[PDB]
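FYI, side chains are in, hydrogens and waters are out, and symmetry mates aren't considered; it's all heavy atoms of this structure. All residue numbers refer to positions in the sequence shown, counting from 1.
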Amino acid sequence: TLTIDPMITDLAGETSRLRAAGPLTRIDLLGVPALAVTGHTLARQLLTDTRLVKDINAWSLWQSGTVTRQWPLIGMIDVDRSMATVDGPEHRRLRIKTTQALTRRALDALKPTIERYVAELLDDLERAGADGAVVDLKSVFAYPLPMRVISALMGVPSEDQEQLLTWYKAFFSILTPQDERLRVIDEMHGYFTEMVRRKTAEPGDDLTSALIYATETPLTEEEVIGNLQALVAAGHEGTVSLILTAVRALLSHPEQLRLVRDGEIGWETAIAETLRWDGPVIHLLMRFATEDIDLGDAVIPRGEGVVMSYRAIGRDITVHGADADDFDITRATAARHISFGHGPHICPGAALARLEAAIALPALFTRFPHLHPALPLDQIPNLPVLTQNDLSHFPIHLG
Ligand code: HEM
Ligand SMILES: C[C@]12CC[C@H]3[C@@H](CCC4=CC(=O)CC[C@@]43C)[C@@H]1CC[C@@H]2O
């Protein structure tokens, strides 16, 4: 069994240990055992296997009361009913209105909004960078942008977004005391409950109102609340990491940065290789076997929990080759990654996340062509967030 270090002290060694022990291996998540899927081919297979569900009531550890809400990771699994917790035909019903809102056409009408948030945040970088002062790319640029974009889509007031970010920081950190974590989870549920009620009595041009007023069976209020929570949480968290890890990877590989600025390699292709090599998700919790799953050299027992170790999956040497642990935007398999998932629960906002990074990254390097880091890589740790690739900071000189 591999114990996942909640402090993320040795992410590179742990990721390689997971790859070496895979494609299926036992992990320990803060005292709770589970199975981690670390192989790319096995992941794609299980992600489309209908004997694996997200419903926590299918977990034997939850049924028996062995895992309770005292577990610091329980907020990642015991969530309100939504597209993230259901499978089968009900899943399509809880997802279809959202996917209609995230089409290639639908995002075109949203593209100018993103471009304005980007331009506003670039000005914040310039203001904080007066007199050659080092600026935190994260806190000034990468962290606020995805929250402003998902808030505009969902209809979250601008005045409320700081509070949401404050809640999410405590929610993700393993250093949050468990009584405070549970209080924040409750306060967040109460916030989105009251927002859904407010939008029910006053709909707007936003996705929350669309989820309430669709004209199949209408979503229950619980399901709208659950979808809203999953959309804001995933919608703001992942893209922050993507923007920062892409900048970090290209600044430390200047010859590849030259390729994208000169147009030899598209930004969309650099974003794909960032997702494969250093993506926003480390481990995805959690799936549960409704019956014994015979793989042929291993069995997944009924009721067992199954984690998708997407970071290890991205480093799969069988699919990507011997240099899988290297960042190379020119590799042929960069588009074959599954860092947005696979199967029916594949990220519904994958196109929006790709668009946000595809706007922000060239915007950043056009506005500040000579930007460079103010800290070396060994002084940029991950935050203690076990399941997410969350960077502490990225100080830069604007140049
Ligand atoms: C770089 C940015 C992002 C990454 C890497 C990412 C990745 C993922 C992954 C790995 C999953 C779950 C796959 C699984 O179940 O195994 C997921 C689910 C989900 N994501 Fe994303 N995501 C990103 C951005 C977004 C955005 C922008 C939105 C919304 C606009 C979003 C909304 C969701 C939702 C609602 C789910 C649950 C879908 C379901 O269970 O049917 N995410 N995402
Ligand atoms: C894990 C995640 C952030 C946490 C999200 C999760 C989707 C379901 C969910 C809804 C909540 O109420 C809290 C956070 C969670 C648990 C997201 C899937 C993509 C992103 O990485």
Calculate, to the nearest 0.5 Å, the distance between atoms [atom1] and [atom2] belonging to [X] and [Y] respectively.
{"X": "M83", "Y": "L219", "atom1": "CE", "atom2": "CG", "answer": "8.5 Å"}
{"X": "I4", "Y": "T1", "atom1": "CD1", "atom2": "OG1", "answer": "10.0 Å"}
{"X": "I313", "Y": "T15", "atom1": "CD1", "atom2": "OG1", "answer": "11.5 Å"}
{"X": "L110", "Y": "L153", "atom1": "CG", "atom2": "CG", "answer": "6.0 Å"}
{"X": "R315", "Y": "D326", "atom1": "CZ", "atom2": "CG", "answer": "8.5 Å"}
{"X": "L121", "Y": "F141", "atom1": "CG", "atom2": "CZ", "answer": "6.0 Å"}

Residues which pass side chain to side chain donor-acceptor pair (under 3.5 Å) with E180, listed by chain and number, not counting sequence neighbours: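 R183.
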Can you list the residues that meet the side-chain contact (heavy atoms from CB on, under 4.5 Å) rule with [X], with sequence neighbours excluded?
{"X": "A234", "value": "none"}
{"X": "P6", "value": "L30, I174, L386"}
{"X": "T220", "value": "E222, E223"}

Using atom types as modelled and distance alone, determine if a side-chain donor or acceptor of [X] lies under 3.5 Å from a backbone N or O of [Y].
{"X": "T25", "Y": "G22", "answer": "no"}
{"X": "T290", "Y": "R51", "answer": "yes"}
{"X": "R95", "Y": "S82", "answer": "no"}
{"X": "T245", "Y": "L242", "answer": "yes"}
{"X": "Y117", "Y": "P112", "answer": "no"}
{"X": "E14", "Y": "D5", "answer": "yes"}
{"X": "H337", "Y": "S339", "answer": "yes"}
{"X": "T48", "Y": "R44", "answer": "yes"}
{"X": "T85", "Y": "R81", "answer": "no"}
{"X": "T99", "Y": "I96", "answer": "yes"}

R302 with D292: basic N within carboxylate O range, under 4.0 Å: no
Electrostatic pair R19-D316, nearest N-O below 4.0 angstrom: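 Between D316 and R19 there is no salt bridge, as every charged N stays at least 4.0 Å from the carboxylate O atoms.
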Residues clustered with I282, ILVMFWY side-chain links under 4.5 angstrom: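 Taking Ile, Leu, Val, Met, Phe, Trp and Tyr as members, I282 shares its hydrophobic cluster with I8, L11.
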Residues clustering with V79 (ILVMFWY side chains joined when closer than 4.5 Å, directly or via others):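 Answer for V79: none, a lone residue.
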Under 4.5 Å between any side-chain heavy atoms of [X] and [Y], yes or no?
{"X": "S309", "Y": "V37", "answer": "no"}
{"X": "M308", "Y": "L46", "answer": "yes"}
{"X": "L228", "Y": "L211", "answer": "no"}
{"X": "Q178", "Y": "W71", "answer": "no"}
{"X": "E356", "Y": "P146", "answer": "yes"}
{"X": "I114", "Y": "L352", "answer": "yes"}
{"X": "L383", "Y": "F172", "answer": "no"}
{"X": "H189", "Y": "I225", "answer": "yes"}

Residue pairs involving residues 278-289 (criterion salt bridge (charged side-chain N to carboxylate O under 4.0 Å, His left out); sequence neighbours excluded): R248-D278, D278-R311
Sequence neighbours excluded - salt bridge (charged side-chain N to carboxylate O under 4.0 Å, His left out) pairs with any residue from residues 54-76: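 Sorted result for residues 54-76: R69-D78.
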For residues 365-382, please give each side-chain donor-acceptor pair under 3.5 Å, one per line with the distance, not counting sequence neighbours.
| from | atom 1 | to | atom 2 | distance (Å) |
| --- | --- | --- | --- | --- |
| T366 | OG1 | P362 | O | 2.8 |
| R367 | NE | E126 | OE1 | 3.4 |
| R367 | NH1 | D123 | OD1 | 3.3 |
| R367 | NH2 | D123 | OD1 | 2.6 |
| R367 | NH2 | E126 | OE1 | 2.5 |
| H372 | ND1 | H370 | O | 2.9 |
| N382 | ND2 | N389 | OD1 | 2.8 |

For residues 268-275, dump all side-chain donor-acceptor pairs below 3.5 Å to protein atoms at least two apart in sequence or in another chain.
| from | atom 1 | to | atom 2 | distance (Å) |
| --- | --- | --- | --- | --- |
| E273 | OE1 | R276 | NE | 3.0 |
| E273 | OE1 | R331 | NE | 3.3 |
| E273 | OE2 | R276 | NH2 | 2.9 |
| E273 | OE2 | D328 | N | 2.9 |
| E273 | OE2 | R331 | NE | 3.1 |
| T274 | OG1 | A270 | O | 2.8 |

Over all atoms of both residues, closest heavy-atom pair of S252 and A249: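 Smallest interatomic distance, heavy atoms only, reads OG-O, 3.1 Å.
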Side-chain H-bond candidate by donor/acceptor type, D136 with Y143, under 3.5 Å: no
Close aromatic pair by centroid cut-off 6.0 Å: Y310 and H283: no
With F288 via ring pair (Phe, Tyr, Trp, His ring centres under 6.0 Å) - residues at least two apart: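 Applying ring pair (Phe, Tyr, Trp, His ring centres under 6.0 Å) to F288 gives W59.
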Ring pair (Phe, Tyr, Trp, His ring centres under 6.0 Å) partners of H345, counting only residues at least two apart: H91
